[PDB]
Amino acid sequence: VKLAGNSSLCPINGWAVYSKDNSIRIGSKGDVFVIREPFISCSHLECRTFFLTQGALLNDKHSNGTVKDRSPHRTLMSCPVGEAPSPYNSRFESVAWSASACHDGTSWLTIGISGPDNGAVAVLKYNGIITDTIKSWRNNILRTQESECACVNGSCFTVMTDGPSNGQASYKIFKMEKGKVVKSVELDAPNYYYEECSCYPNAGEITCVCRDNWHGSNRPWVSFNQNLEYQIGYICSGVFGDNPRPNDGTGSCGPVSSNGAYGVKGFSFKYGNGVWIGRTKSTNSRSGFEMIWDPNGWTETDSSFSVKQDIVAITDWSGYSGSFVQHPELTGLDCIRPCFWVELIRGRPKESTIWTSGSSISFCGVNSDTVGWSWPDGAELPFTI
């Protein structure tokens, strides 16, 4: 039976630690994939970590040059949450240098983009079987969420971007059923930029918090129907959520252009007119991580907030982060539970190695006691090489 997606997000007070894979530490000796862009997605029965391999193991010569983003060798694979991604515990999903995945209650939907920069194709699989294809419409690096798609009532939803990463691009929402595109809509969003959306379902409605790589140090959002009727905006809080970003100050409910160029994949959970913001601790680089509760931050422009929960200290590397959700049919709860993962990037460009990889940690929204701390990657670089 299908995941309803009809209930609201659980009330929460903080975030309890959920998983830590220790991947890079283990890959010093173990046969562990070089990966980036990991993400978590759950069904009605399990939770899996999905990741983009570089088709190479850590501490091996084929990990050379793995700071490079796209190659014919990158593949989407998955393993049980909290396990080190290995060729001996990993399920092959798709050939992909950009990906999304989610479960509708019946089967896994996966989305894998591969092919040339000027004509990439998204391959959609339902239960490991190809069901559809989406071809680049702007012939400039077709790219998707790098986190879980959202499912409501047997329909799953995703965002894709095509075009420049330093200017106006083109953004589309896709509605799919059983891995087939049944509807899609291009966003009429002049002056907006959408990329690497973290999307979650909330009472029949999908909310995406994305990355403005163009000219925004605050995060853009889309909220849409099962019909793809949408509203757009930026998070107004002066607690800016992108990286890089300026210091906290007066927000905008447009893009904040200081330190607006570039960015990092992130997420936020809308709670009424309040917002839980996951962001790095550093203003410039992908270092540290904290959760911030800003009770009026969705709509109000000030820089004040109620609650900081430390997750990774500034002295340690972080990276991508994304939302995932746990549905009532898995948990037995009467509400949809918010969770998040953080990718902890090690190696290039910031460190002197021949390789780039990431490990993961994850946390779930909880209505009981929690604590801040640092759960950093913990590997000592460089490696034997």
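Numbering starts at 1 and runs along the sequence shown.
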task = Between 292-300 and 180-188, point out the one with the higher average CA B-factor as the PDB entry records it.
result = 180-188
query = Would 74-82 or 225-233 have the larger average of its C-alpha temperature factors, as given in the entry?
reply = 225-233
query = Per the coordinate record, which of the options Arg219, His215, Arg279, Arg138 holds the highest CA temperature factor?
reply = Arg138
request  = Have a look at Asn153, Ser268, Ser98, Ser94 and flag the one whose Cα has the highest B-factor in the entry.
outcome  = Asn153
note = Tertile call for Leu109 (CA temperature factor, within chain, third-based) is the lowest
Third assignment of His327 from its chain's C-alpha B-factors = middle
ask   = Based on the entry's values, in what third of the chain does the Cα temperature factor of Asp60 lie: lowest, middle or highest?
value = middle
note = Temperature factor at the Cα of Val307, chain-ranked in thirds, falls in the highest
key: CA B-factor placement of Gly30, once the chain's modelled residues are sorted into thirds   = middle
